[PDB]
Structures are given as C-alpha cells and as structure tokens.
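The data below hold one chain only, encoded as structure tokens and taken in the form deposited in one PDB entry.
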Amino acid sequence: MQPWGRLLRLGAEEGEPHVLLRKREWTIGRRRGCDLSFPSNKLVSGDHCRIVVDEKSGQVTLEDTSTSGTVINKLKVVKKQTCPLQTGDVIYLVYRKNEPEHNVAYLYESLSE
C-alpha cells in the first residue's frame, strides 16, 4: 500500500524521524506486538488505540480501546447543527484557510470550572 499518512512527535523539526502509516489498521500500545509501542509506560494500555483508513472513501478514523481514553485536538466545523463547548475552546466566526488575515476568533472560558 502507498503512504496515506504519518505521525510526527509534537514539537519535532523537519530533520526528525516520523512514523509512516502504510497499513489499514495501525496499532498503538504498551504490548510488544503493537506497531508503535511504549513498553515501559504504565499510563499507556496494552492495546490503547488504532488508526484505520477507509479503503474507498479515504476517511481516516481512530478507535480508542483503552482504560483511560485518547485525546485529540480537532478543528470541528459546525454547520446548521449543535456542538458542546468547553473551557479553553476557540470559536472562529470567520475561518479562511487561504486568507488567515480575515480570521475572526474568540477564546471561550467558563466562569465555574
């Protein structure tokens, strides 16, 4: 299969090693048989999560199979629907991928927790 994605350790430069995702079901965990494992990290489950690519649509999905869970930083597009808000979130009333100068954004913070 041809390379559909990759992982880079947060904060790494370009001259740093990256992880090539060349399968359909990439496993991550503490166990030895995982494609990406961390044998000495107890905060990571034996089978923590897997990243899968849809053969036809090309949609990539992550499935958590752990005790703790997995956290993802996303840029959710809300169109004519609902979405929960949480302290620390940032709301973009205007978001232009090609004209970032036009971005209009506000950080949301709760006055409780």
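Superpose the two forms; the largest set of C-alphas matching within 1.5 Å is the rigid core. One rule holds for the numbers: they count along the sequence shown, beginning at 1.
Undergrad: Where do the C-alpha atoms have the higher mean temperature factor in this entry, in 33-41 or in 60-68?
TA: That would be 60-68.
Undergrad: Decide which of the stretches 12-20 and 96-104 has the higher mean C-alpha B-factor, going by the entry.
TA: Higher mean C-alpha B-factor: 12-20.
Undergrad: Just to confirm, going by the entry's C-alpha B-factors, which of 27, 86, 81, 73 comes out highest?
TA: 81 has the highest C-alpha B-factor of those listed.
Just so you know, the form deposited in another entry exists too; it's not on screen, but the next bit is about it.
Undergrad: Using a superposition on the rigid core, decide whether the Cα position of residue 80 changes by 2 angstroms or more between the shown form and the other one.
TA: Result for residue 80: yes, a 2 Å-plus shift.
Undergrad: So, does residue 18 move by 2 Å or more at the CA between the shown form and the other one, with the core held fixed?
TA: Comparing forms between the shown form and the other one, the residue 18 CA shifts below 2 Å.
Undergrad: Against the shown form, C-alpha atoms of residue 12 and residue 38 in the other form: closer or farther, for a change of 3 Å or more?
TA: Nearer in the other form, by 3 Å or more.
Undergrad: Tell me whether residue 13 and residue 38 end up closer or farther apart in the other form, going by their C-alpha atoms; the shift is 3 Å or more.
TA: Pair moves closer in the other form.
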